[PDB]
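Novice: PDB, C-alpha atoms, saved as input_28.pdb, coming up:
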```
MODEL        1
ATOM      1  CA  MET A   1      30.094 121.933  59.095  1.00  0.00           C
ATOM      2  CA  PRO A   2      28.155 121.527  62.369  1.00  0.00           C
ATOM      3  CA  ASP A   3      28.248 118.120  64.005  1.00  0.00           C
ATOM      4  CA  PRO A   4      25.142 116.905  65.919  1.00  0.00           C
ATOM      5  CA  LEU A   5      26.558 117.150  69.448  1.00  0.00           C
ATOM      6  CA  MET A   6      28.798 115.454  72.007  1.00  0.00           C
ATOM      7  CA  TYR A   7      25.968 114.185  74.198  1.00  0.00           C
ATOM      8  CA  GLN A   8      24.533 112.086  71.363  1.00  0.00           C
ATOM      9  CA  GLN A   9      24.122 109.159  73.726  1.00  0.00           C
ATOM     10  CA  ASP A  10      21.432 109.858  76.293  1.00  0.00           C
ATOM     11  CA  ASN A  11      18.921 107.589  78.026  1.00  0.00           C
ATOM     12  CA  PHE A  12      16.105 106.314  75.856  1.00  0.00           C
ATOM     13  CA  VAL A  13      13.190 104.555  77.491  1.00  0.00           C
ATOM     14  CA  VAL A  14      12.549 101.757  75.045  1.00  0.00           C
ATOM     15  CA  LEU A  15       9.229  99.973  75.279  1.00  0.00           C
ATOM     16  CA  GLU A  16       9.481  96.455  73.898  1.00  0.00           C
ATOM     17  CA  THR A  17       6.411  94.225  73.707  1.00  0.00           C
ATOM     18  CA  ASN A  18       8.323  91.761  75.903  1.00  0.00           C
ATOM     19  CA  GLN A  19      10.567  94.125  77.878  1.00  0.00           C
ATOM     20  CA  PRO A  20       8.912  97.492  78.642  1.00  0.00           C
ATOM     21  CA  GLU A  21      10.427 100.377  80.634  1.00  0.00           C
ATOM     22  CA  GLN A  22      14.147  99.958  79.956  1.00  0.00           C
ATOM     23  CA  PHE A  23      16.954 102.533  80.005  1.00  0.00           C
ATOM     24  CA  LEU A  24      19.472 102.243  77.191  1.00  0.00           C
ATOM     25  CA  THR A  25      21.652 104.642  75.225  1.00  0.00           C
ATOM     26  CA  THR A  26      21.331 105.790  71.619  1.00  0.00           C
ATOM     27  CA  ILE A  27      23.816 103.113  70.510  1.00  0.00           C
ATOM     28  CA  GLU A  28      21.970 100.345  72.336  1.00  0.00           C
ATOM     29  CA  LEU A  29      18.719 101.562  70.784  1.00  0.00           C
ATOM     30  CA  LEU A  30      20.457 101.680  67.400  1.00  0.00           C
ATOM     31  CA  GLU A  31      21.560  98.055  67.798  1.00  0.00           C
ATOM     32  CA  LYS A  32      17.984  96.989  68.527  1.00  0.00           C
ATOM     33  CA  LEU A  33      16.575  98.966  65.599  1.00  0.00           C
ATOM     34  CA  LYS A  34      19.148  97.899  62.997  1.00  0.00           C
ATOM     35  CA  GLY A  35      18.417  94.305  63.987  1.00  0.00           C
ATOM     36  CA  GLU A  36      14.654  94.454  63.632  1.00  0.00           C
ATOM     37  CA  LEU A  37      14.898  96.821  60.657  1.00  0.00           C
ATOM     38  CA  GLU A  38      17.140  94.379  58.786  1.00  0.00           C
ATOM     39  CA  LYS A  39      14.454  91.766  59.483  1.00  0.00           C
ATOM     40  CA  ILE A  40      11.812  94.191  58.203  1.00  0.00           C
ATOM     41  CA  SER A  41      11.446  93.904  54.423  1.00  0.00           C
ATOM     42  CA  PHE A  42      13.425  96.509  52.486  1.00  0.00           C
ATOM     43  CA  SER A  43      10.350  96.752  50.269  1.00  0.00           C
ATOM     44  CA  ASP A  44       8.206  97.438  53.336  1.00  0.00           C
ATOM     45  CA  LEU A  45      10.232 100.142  55.096  1.00  0.00           C
ATOM     46  CA  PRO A  46       9.992 103.930  54.330  1.00  0.00           C
ATOM     47  CA  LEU A  47      11.499 105.339  51.122  1.00  0.00           C
ATOM     48  CA  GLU A  48      14.062 107.462  52.992  1.00  0.00           C
ATOM     49  CA  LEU A  49      15.579 104.217  54.240  1.00  0.00           C
ATOM     50  CA  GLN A  50      15.655 102.937  50.662  1.00  0.00           C
ATOM     51  CA  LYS A  51      17.768 105.948  49.722  1.00  0.00           C
ATOM     52  CA  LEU A  52      20.113 105.123  52.580  1.00  0.00           C
ATOM     53  CA  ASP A  53      22.613 102.357  51.898  1.00  0.00           C
ATOM     54  CA  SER A  54      23.881 101.821  55.434  1.00  0.00           C
ATOM     55  CA  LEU A  55      21.779  99.860  57.923  1.00  0.00           C
ATOM     56  CA  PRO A  56      22.898 101.970  60.967  1.00  0.00           C
ATOM     57  CA  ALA A  57      22.117 105.123  58.964  1.00  0.00           C
ATOM     58  CA  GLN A  58      18.518 104.002  58.442  1.00  0.00           C
ATOM     59  CA  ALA A  59      17.899 103.295  62.125  1.00  0.00           C
ATOM     60  CA  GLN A  60      19.851 106.439  63.004  1.00  0.00           C
ATOM     61  CA  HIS A  61      17.394 108.520  60.966  1.00  0.00           C
ATOM     62  CA  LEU A  62      14.541 106.899  62.904  1.00  0.00           C
ATOM     63  CA  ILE A  63      16.119 108.129  66.137  1.00  0.00           C
ATOM     64  CA  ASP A  64      17.008 111.354  64.321  1.00  0.00           C
ATOM     65  CA  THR A  65      13.440 112.244  63.400  1.00  0.00           C
ATOM     66  CA  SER A  66      10.854 109.485  63.194  1.00  0.00           C
ATOM     67  CA  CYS A  67       8.265 107.738  65.345  1.00  0.00           C
ATOM     68  CA  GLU A  68       7.872 104.084  66.314  1.00  0.00           C
ATOM     69  CA  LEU A  69       7.723 101.052  64.045  1.00  0.00           C
ATOM     70  CA  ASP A  70       6.319  97.534  63.958  1.00  0.00           C
ATOM     71  CA  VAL A  71       9.017  94.913  64.345  1.00  0.00           C
ATOM     72  CA  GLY A  72       6.740  92.180  63.089  1.00  0.00           C
ATOM     73  CA  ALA A  73       5.127  89.079  64.583  1.00  0.00           C
ATOM     74  CA  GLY A  74       2.246  91.316  65.640  1.00  0.00           C
ATOM     75  CA  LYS A  75       4.376  93.172  68.156  1.00  0.00           C
ATOM     76  CA  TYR A  76       5.876  96.651  67.917  1.00  0.00           C
ATOM     77  CA  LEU A  77       8.768  98.795  69.106  1.00  0.00           C
ATOM     78  CA  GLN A  78       8.457 102.299  70.532  1.00  0.00           C
ATOM     79  CA  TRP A  79      10.977 104.519  72.289  1.00  0.00           C
ATOM     80  CA  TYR A  80      11.112 107.957  73.874  1.00  0.00           C
ATOM     81  CA  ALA A  81      14.028 109.986  75.202  1.00  0.00           C
ATOM     82  CA  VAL A  82      13.847 111.640  78.608  1.00  0.00           C
ATOM     83  CA  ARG A  83      15.553 114.988  78.112  1.00  0.00           C
ATOM     84  CA  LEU A  84      15.716 118.140  80.239  1.00  0.00           C
ATOM     85  CA  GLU A  85      14.433 117.343  83.722  1.00  0.00           C
ATOM     86  CA  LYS A  86      13.190 120.914  84.063  1.00  0.00           C
ATOM     87  CA  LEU A  87      10.446 119.782  86.417  1.00  0.00           C
ATOM     88  CA  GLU A  88      11.801 119.827  89.998  1.00  0.00           C
ATOM     89  CA  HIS A  89      15.295 119.355  88.502  1.00  0.00           C
ATOM     90  CA  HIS A  90      15.620 115.712  89.443  1.00  0.00           C
ATOM     91  CA  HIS A  91      19.008 114.019  89.154  1.00  0.00           C
ATOM     92  CA  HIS A  92      19.639 110.340  88.388  1.00  0.00           C
ATOM     93  CA  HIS A  93      18.933 107.790  91.119  1.00  0.00           C
ATOM     94  CA  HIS A  94      22.339 106.150  90.944  1.00  0.00           C
TER      95      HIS A  94
ENDMDL
END
```
Can you present the structure in this file as structure tokens?
Specialist:
Amino acid sequence: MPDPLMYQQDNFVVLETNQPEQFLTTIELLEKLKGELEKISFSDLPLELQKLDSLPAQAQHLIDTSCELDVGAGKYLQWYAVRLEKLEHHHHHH
């Protein structure tokens, strides 16, 4: 069966209500999500996550194919991945 890919871990620009504009990998994003998601009520989160039994799997499916979510306390958590620098072909700063 086909596995996702080798370059699973890219750079996701995660916008936190306290710390905006931050570069972290898929795993680091996962860690943030699974933390807030476990805080989020299991009776409040999407039904797909209620079919999933693993916490990482839930957050992984968010990164897989979902949008942003509210982490509670009035604040929210959104993230976007910068992929294919086809414009100008700009390499990383450092």
Novice: With 12 Å as the cut-off and only C-alpha atoms counted, what is the closest atom pair between each nearby residue of stretch 36-76 of chain A and stretch 21-27 of chain A? Distances in Å to one decimal, ordered by chain and number, as a tab-separated table.
Specialist:
```
residue	atom	partner	partner_atom	distance
A:56	CA	A:27	CA	9.7
A:57	CA	A:27	CA	11.8
A:59	CA	A:27	CA	10.3
A:60	CA	A:26	CA	8.8
A:61	CA	A:26	CA	11.7
A:62	CA	A:26	CA	11.1
A:63	CA	A:26	CA	7.9
A:64	CA	A:26	CA	10.1
```
Novice: Each residue of stretch 60-94 of chain A with at least one atom at most 12 Å from stretch 37-48 of chain A should appear once, together with its nearest atom pair and the corresponding distance in Å (one decimal); atoms considered: only C-alpha atoms; ordering: chain, then increasing residue number; output as JSON lines.
Specialist:
```
{"residue": "A:60", "atom": "CA", "partner": "A:37", "partner_atom": "CA", "distance": 11.1}
{"residue": "A:61", "atom": "CA", "partner": "A:48", "partner_atom": "CA", "distance": 8.7}
{"residue": "A:62", "atom": "CA", "partner": "A:48", "partner_atom": "CA", "distance": 9.9}
{"residue": "A:65", "atom": "CA", "partner": "A:48", "partner_atom": "CA", "distance": 11.5}
{"residue": "A:66", "atom": "CA", "partner": "A:46", "partner_atom": "CA", "distance": 10.5}
{"residue": "A:67", "atom": "CA", "partner": "A:46", "partner_atom": "CA", "distance": 11.8}
{"residue": "A:68", "atom": "CA", "partner": "A:37", "partner_atom": "CA", "distance": 11.6}
{"residue": "A:69", "atom": "CA", "partner": "A:37", "partner_atom": "CA", "distance": 9.0}
{"residue": "A:70", "atom": "CA", "partner": "A:40", "partner_atom": "CA", "distance": 8.6}
{"residue": "A:71", "atom": "CA", "partner": "A:40", "partner_atom": "CA", "distance": 6.8}
{"residue": "A:72", "atom": "CA", "partner": "A:40", "partner_atom": "CA", "distance": 7.3}
{"residue": "A:73", "atom": "CA", "partner": "A:40", "partner_atom": "CA", "distance": 10.6}
{"residue": "A:76", "atom": "CA", "partner": "A:37", "partner_atom": "CA", "distance": 11.6}
{"residue": "A:77", "atom": "CA", "partner": "A:37", "partner_atom": "CA", "distance": 10.6}
```
Novice: Quick one: distance from atom CA of residue A:34 to atom CA of residue A:18 in Å, one decimal?
Specialist: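 These two atoms are separated by 17.9 Å.
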Novice: For the atom pair atom CA of residue A:93 and atom CA of residue A:17, what is the interatomic distance in Å to one decimal place?
Specialist: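 Distance reported for this atom pair: 25.4 Å.
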Novice: Would you mind telling me which residue in A:49, A:84, A:54, A:79 lies nearest to residue A:20 when using only C-alpha atoms?
Specialist: A:79
